[PDB]
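**Q** Take the sequence shown: its letters are residues 51 to 463, 468 to 573, 576 to 861, numbered as in the deposited numbering.
Where a beta carbon is used, it is the ideal one built from N, C-alpha and C, also for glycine.
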Amino acid sequence: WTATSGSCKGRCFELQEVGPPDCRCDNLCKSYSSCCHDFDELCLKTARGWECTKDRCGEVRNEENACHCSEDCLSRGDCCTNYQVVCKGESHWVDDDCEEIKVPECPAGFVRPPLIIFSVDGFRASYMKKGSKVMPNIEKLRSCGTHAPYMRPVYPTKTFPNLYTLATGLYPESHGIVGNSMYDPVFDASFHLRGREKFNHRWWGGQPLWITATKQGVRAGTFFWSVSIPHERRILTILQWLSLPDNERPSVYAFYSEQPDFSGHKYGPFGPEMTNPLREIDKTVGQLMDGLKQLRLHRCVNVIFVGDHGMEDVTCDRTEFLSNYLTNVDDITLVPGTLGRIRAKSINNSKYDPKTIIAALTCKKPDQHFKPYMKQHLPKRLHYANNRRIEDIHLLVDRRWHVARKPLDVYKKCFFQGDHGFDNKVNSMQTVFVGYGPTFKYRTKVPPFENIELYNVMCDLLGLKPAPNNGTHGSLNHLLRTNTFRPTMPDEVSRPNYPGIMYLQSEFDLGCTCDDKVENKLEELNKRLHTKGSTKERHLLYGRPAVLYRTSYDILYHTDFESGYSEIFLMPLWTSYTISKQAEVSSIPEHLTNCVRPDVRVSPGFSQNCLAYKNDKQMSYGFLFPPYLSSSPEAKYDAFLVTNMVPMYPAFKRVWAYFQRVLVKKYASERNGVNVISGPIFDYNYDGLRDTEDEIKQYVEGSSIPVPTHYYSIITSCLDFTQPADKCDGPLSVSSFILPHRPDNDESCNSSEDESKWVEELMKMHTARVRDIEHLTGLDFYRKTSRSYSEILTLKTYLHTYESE
Ligand SMILES: *[C@@H]1O[C@H](CO)[C@@H](O[C@@H]2O[C@H](CO)[C@@H](O[C@@H]3O[C@H](CO[C@H]4O[C@H](CO)[C@@H](O)[C@H](O[C@H]5O[C@H](CO)[C@@H](O)[C@H](O)[C@@H]5O[C@H]5O[C@H](CO)[C@@H](O)[C@H](O)[C@@H]5O)[C@@H]4O)[C@@H](O)[C@H](O[C@H]4O[C@H](CO)[C@@H](O)[C@H](O)[C@@H]4O[C@H]4O[C@H](CO)[C@@H](O)[C@H](O)[C@@H]4O)[C@@H]3O)[C@H](O)[C@H]2NC(C)=O)[C@H](O)[C@H]1NC(C)=O
Ligand SMILES: NS(=O)(=O)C1(F)CCN(C(=O)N2CC3=C(CN(C(=O)c4cc(OCC5CCOCC5)nc(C5CC5)c4)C3)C2)CC1
Ligand SMILES: [Ca+2]
Ligand SMILES: [Ca+2]
Ligand SMILES: [Cl-]
Ligand SMILES: [K+]
Ligand code: NA
Ligand SMILES: [Zn+2]
Numbered sequence: 051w052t053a054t055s056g057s058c059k060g061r062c063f064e065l066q067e068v069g070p071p072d073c074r075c076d077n078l079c080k081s082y083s084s085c086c087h088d089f090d091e092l093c094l095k096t097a098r099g100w101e102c103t104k105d106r107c108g109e110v111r112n113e114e115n116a117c118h119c120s121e122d123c124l125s126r127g128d129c130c131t132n133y134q135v136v137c138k139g140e141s142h143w144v145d146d147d148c149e150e151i152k153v154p155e156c157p158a159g160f161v162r163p164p165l166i167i168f169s170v171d172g173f174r175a176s177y178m179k180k181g182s183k184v185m186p187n188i189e190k191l192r193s194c195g196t197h198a199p200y201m202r203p204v205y206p207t208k209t210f211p212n213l214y215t216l217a218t219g220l221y222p223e224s225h226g227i228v229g230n231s232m233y234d235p236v237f238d239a240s241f242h243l244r245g246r247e248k249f250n251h252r253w254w255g256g257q258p259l260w261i262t263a264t265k266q267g268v269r270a271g272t273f274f275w276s277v278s279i280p281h282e283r284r285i286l287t288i289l290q291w292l293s294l295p296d297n298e299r300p301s302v303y304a305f306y307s308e309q310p311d312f313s314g315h316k317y318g319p320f321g322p323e324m325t326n327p328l329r330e331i332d333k334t335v336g337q338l339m340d341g342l343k344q345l346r347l348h349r350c351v352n353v354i355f356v357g358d359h360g361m362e363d364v365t366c367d368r369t370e371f372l373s374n375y376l377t378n379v380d381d382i383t384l385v386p387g388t389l390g391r392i393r394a395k396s397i398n399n400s401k402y403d404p405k406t407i408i409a410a411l412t413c414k415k416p417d418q419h420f421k422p423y424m425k426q427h428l429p430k431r432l433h434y435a436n437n438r439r440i441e442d443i444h445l446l447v448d449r450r451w452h453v454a455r456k457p458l459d460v461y462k463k468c469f470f471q472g473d474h475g476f477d478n479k480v481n482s483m484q485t486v487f488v489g490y491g492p493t494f495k496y497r498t499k500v501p502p503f504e505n506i507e508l509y510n511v512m513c514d515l516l517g518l519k520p521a522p523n524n525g526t527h528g529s530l531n532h533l534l535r536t537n538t539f540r541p542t543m544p545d546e547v548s549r550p551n552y553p554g555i556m557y558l559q560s561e562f563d564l565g566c567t568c569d570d571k572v573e576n577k578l579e580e581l582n583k584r585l586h587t588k589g590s591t592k593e594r595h596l597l598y599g600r601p602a603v604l605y606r607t608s609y610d611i612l613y614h615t616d617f618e619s620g621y622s623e624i625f626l627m628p629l630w631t632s633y634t635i636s637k638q639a640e641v642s643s644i645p646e647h648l649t650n651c652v653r654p655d656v657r658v659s660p661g662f663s664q665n666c667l668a669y670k671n672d673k674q675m676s677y678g679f680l681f682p683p684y685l686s687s688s689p690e691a692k693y694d695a696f697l698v699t700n701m702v703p704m705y706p707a708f709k710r711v712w713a714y715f716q717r718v719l720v721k722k723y724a725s726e727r728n729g730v731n732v733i734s735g736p737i738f739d740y741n742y743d744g745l746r747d748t749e750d751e752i753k754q755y756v757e758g759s760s761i762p763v764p765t766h767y768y769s770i771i772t773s774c775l776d777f778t779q780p781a782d783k784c785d786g787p788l789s790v791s792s793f794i795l796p797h798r799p800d801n802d803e804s805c806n807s808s809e810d811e812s813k814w815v816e817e818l819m820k821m822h823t824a825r826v827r828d829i830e831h832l833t834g835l836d837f838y839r840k841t842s843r844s845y846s847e848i849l850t851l852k853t854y855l856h857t858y859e860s861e
């Protein structure tokens, strides 16, 4: 109930929202049907349009007009945005040459440069180039300011998840807005685009920028605009708020455009009908910039132009129907479209089995345009699992397709030619970023980055301390002229032990054997030196990783590799080795096929054993440093140490063996050497964070050997590939992955073929940031380089995506 008989006289677009049953006059009142009777008349004036003409110049202030061309308008803060151009001979902001903004040039009483965030729905990255002829204002921002060639959204590449990620710095799993449609079983409530449940605060986790600002005494313009408030009126309201007195005037502002998303759904991303909406967005940008120029704020304000996601070509005929796979299609609820989420239609059905649903959707058709996953098997880079609102069964839908339950859902609801929501690595889903202003750099291109990073920068731009988030603070310091945040490396928590030879062979009863009983003072001092770390500068190029939690571990040196060996998990946390361009692949000799050797530096009680592998019929084992890459026949014995062994399902050893025997050498040839750090990951509760021992759900049978959920590798080399990896003077180049440790290869539909046809493609799917691996292992990499820490942070957030240009 709203007593709508109050008035908006003097309160038009008021900043503090008032409580029912008092009537509202803020930019959201329309959307709650709560505006006062006179809101349209007083607050949404339209008379005479939005531009001065010559004949309006000097006019008598007529308060009915949408904007004013009268003499008092500048001092009232309510001129049309083109007033000075038409009536005072000034030029449009876009026609002025760009001039570096070295310091904020602000009017007296401005405490900090204001921030204006101009967000554009569905603005695909390639629009910057392909639409450049029709967006002169946007192109000036882009070329004069700081820009990325594109910005990576979060998954799913839907609107609300990405707008709220931009607001919070959080993955959707952590902020709670996991799609445009949702069911929360604890609430027993649903969230939709249409309707009222989406306004309830309990959906929205974390701390968005407007609340961060408020709590720390920075005033925020209300970020959200009701759909019917036209764009021109949104701009004028921002400009009016910027004329408020110092103690009332906000420091941060937001404008949101429904375009070009709205048209892109109807016409596809490059439909001829798309030229106009791009023109209109640019015209709005021009109005804002002309308006800031009138207020002498155009070399004072920082302006961000940012998109939520891109747009892809998608039509109704590219729909896969679950009715062509499942017989039981009535006992499921599907959240449909560019992603799929499945749950039971009824929680009273004890006959519902996710296992059989998944199998019925797995590699059933040769061209199948979706792939089912249990949510915990999704590529860890998506960070799309740790929320009760995300259903256990997920479908990753191929770009250009939809998934639906039954054909009747498509025709009883072709309309659309564009959509989005796909895997956030897909080129068509990439979006834009431009930063223009005194605090951003001048004419600078930066590398692509993820939108999770921007909350920290927006906090930096306003002098705010960010709430805890998924950004890596410092990783975008290179966008900014000043206001940089100076991070420091986290402190190592556990220091390693450096064990020498402490145990005799006969003290071990591991059930292992090796054909190694084969025996010289020249090469005896030499192996001694290798076991004390003589080659360590070769194999450990960036310092040892730091262990950021409390644990017990040992550094083990070898001729060809170095490891940090966990006495708690009975395996390495990490294994580091360097493979030069020249290095040779050999095979495992026949006599050493089943060889596993006790490590005389590590007690029997902190060692794995071969008997457990024999008795475990499901579980086999592999090595972290590959025997294939040993530098000499004698060095190869080191690779068979029980301390280099890790548990591996036979299905996964196919993947791993191919990576180690073929791919590492190929990368070394292509990149002119590589340094590899490999190791295990344990994430049984799928939270993206290192498990403690008491979270492990699976051990090798009859033992305390925990089973990893994943294996990682980080593969580093010189960015200037004319320098070899082990003597690189400048910036580095990295690619990494987090491979799921699975007992079958059901994920890979071509897995009955030779590994050359499917393994590398699996690895590409599970590409990862070093930072993802840091969270999952509690390690901190690249501790000792010649590079600045900010550049390292940027490197640690890099994702190798394997898309073309
Ligand atoms: C991305 O960045 C984010 C933000 O930094 C990272 O997420 C943080 O990670 C922390 C570790 O998981 C986590 O810390 C825990 O928080 C508990 C208190 O949390 C409440 O308060 C905060 C602060 O205001 C608030 O933000 C939280 O909001 C969550 O929950 C509501 C829904 O109720 C949502 O609105 C919101 O979206 C958010 O949901 C998300 O997080 C929760 C977990 O909090 C998930 O379950 C959801 O799926 C969703 O993703 C909360 O309101 C605190 O109680 C925890 O302490 C327990 O564990 C410690 C271990 O040290 C132990 O010492 C304690 O005893 C305690 O255990 C007790 O509870 C157990 C569980 O019931 C029980 O089994 C025990 O026996 C004990 O009784 C802990 O400190 C922090 O909350 C989140 N923050 C956010 C915003 O999500 C995230 O990790 C990053 N991602 C990556 C990959 O790096
Ligand atoms: N077809 S589709 O794209 O699948 C579609 F169906 C999706 C729905 N839809 C709409 O019709 N809506 C959607 C929106 C409006 C007006 N809105 C805002 O006003 C707004 C804006 C903002 O900005 C947050 C800023 C944080 C700092 O960084 C910049 C972004 N946040 C938010 C919320 C996160 C807090 C909202 C969203 C109409 C039609 C299109
Ligand atoms: Ca959107
Ligand atoms: Ca975990
Ligand atoms: Cl969705
Ligand atoms: K076995
Ligand atoms: Na298969
Ligand atoms: Zn859309």
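1. Beta carbon of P492, beta carbon of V153: below 8 Å?
2. Apart from the five residues just before and just after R825, which ones in its own chain have a Cβ nearer than 6 Å to its Cβ?
3. On a Cα-Cα basis, can you pick out the residue from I440, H614, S725, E749 that is closest to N700?
4. Give the single residue among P71, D72, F63, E101 whose Cα lies nearest to the Cα of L92.
5. By Cβ distance below 6 Å, which residues in the same chain neighbour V488 in space, the five residues on each side in sequence not counted?
6. Given 8 Å as the limit, is there contact between the region 681-697 and the region 631-645, that is, 3 or more CB pairs closer than that?
7. Under the three-state reduction of DSSP, which class applies to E580: helix, strand or coil?
8. Going by the C-beta, is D171 closer than 7 Å to any heavy atom of ligand 3?
9. Below 8 Å, can you find three or more Cβ-Cβ pairs linking the region 338-358 to the region 209-222?
10. Spatial neighbours of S293 within its chain, please: C-beta separation below 6 Å, excluding the five flanking residues on both sides.
11. Answer yes or no: do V447 and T388 have a C-beta to C-beta separation smaller than 8 Å?
12. I need the straight-line Cα distance from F241 to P206, nearest angstrom please.
13. Suppose you measure from the CA of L626 to the CA of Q664; what does that come to, to the nearest Å?
14. Does the Cβ of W275 have 16 or more other Cβ atoms within 10 Å, making it buried, or fewer, making it exposed?
15. Within 10 angstroms of its Cβ, does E362 collect 16 or more other Cβ (buried), or is it exposed?
16. What are the start and end residues of each continuous beta strand (DSSP E) run of 3 or more residues lying completely inside the region 800-850, in chain order?
17. Out of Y768, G786, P799, which has the shortest C-alpha to C-alpha gap to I829?
18. Compare the Cα-Cα distances from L832 to each of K180, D76, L629, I392 and report the closest residue.
19. According to DSSP, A239 sits in a beta bridge with which residue or residues?
20. Exposed or buried, what is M201 when buried is set at 16 or more other beta-carbons lying within 10 Å of its beta-carbon?
21. In chain order, which beta strand (DSSP E) runs of at least 3 residues are fully inside the region 239-319?
22. When the Cβ atoms of the region 259-269 are set against those of the region 505-515, are three or more pairs found closer than 8 Å?
23. Are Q309 and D171 close, meaning C-beta to C-beta below 8 Å?
24. Could you give the residue range of the beta strand (DSSP E) that holds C774?
25. With distances taken from CA atoms, which of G525, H822, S590, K820 is nearest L849?
26. What are the boundary residues of the beta strand (DSSP E) that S619 is part of?
27. Looking at C-beta atoms only, is the number of pairs between the region 499-509 and the region 217-225 that lie closer than 8 Å three or more?
28. In this structure, what does DSSP give as the bridge partners for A602?
29. Any heavy atom of ligand 5 closer than 7 Å to the CB of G390?
30. Drop a sphere of 10 angstroms on the beta-carbon of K479, count the other beta-carbons inside from all chains shown, and report buried for 16 or more, exposed for fewer.
31. Tell me where the beta strand (DSSP E) around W630 begins and ends.
32. Between which residues of its own chain and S622 is the CB-CB distance below 6 Å, once the five residues before and five after are set aside?
33. Using only CA atoms, which one of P645, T748, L648, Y705 lies nearest to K670?
34. Please report how far the alpha carbon of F420 lies from the alpha carbon of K248, in whole angstroms.
35. Classify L286 as buried or exposed, calling it buried when 16 or more other Cβ atoms lie within 10 Å of its own Cβ.
36. From the DSSP secondary-structure annotation, give me the bridge partner or partners of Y613.
**A** The relevant details are as follows:
1. yes
2. Once the five neighbours on either side are set aside, the close Cβ partners of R825 are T853, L855.
3. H614
4. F63
5. Cβ neighbours of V488 beyond the five flanking positions: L191, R192, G195, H197, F355.
6. Three or more Cβ pairs drawn from the region 681-697 and the region 631-645 lie within less than 8 Å of each other, which places the two stretches in contact.
7. Note: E580 maps to helix in three-state DSSP.
8. yes
9. yes
10. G127
11. yes
12. 16 Å
13. The straight-line gap from Cα to Cα measures roughly 6 Å.
14. buried
15. buried
16. none
17. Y768
18. Distance from the Cα of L832 is smallest, within the candidate group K180, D76, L629, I392, for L629.
19. Note: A239 sits in a beta bridge opposite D234.
20. buried
21. With a minimum length of 3 residues, the continuous beta strand (DSSP E) runs that stay inside the region 239-319 are 239-241, 302-307.
22. yes
23. yes
24. 766-774
25. Each of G525, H822, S590, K820 was checked against the Cα of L849, and the nearest Cα belongs to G525.
26. 618-622
27. yes
28. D836
29. no
30. buried
31. 627-635
32. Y609, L629
33. The residue with the shortest Cα to Cα distance from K670 is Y705.
34. 29 Å
35. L286 is buried by the Cβ-count criterion.
36. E618
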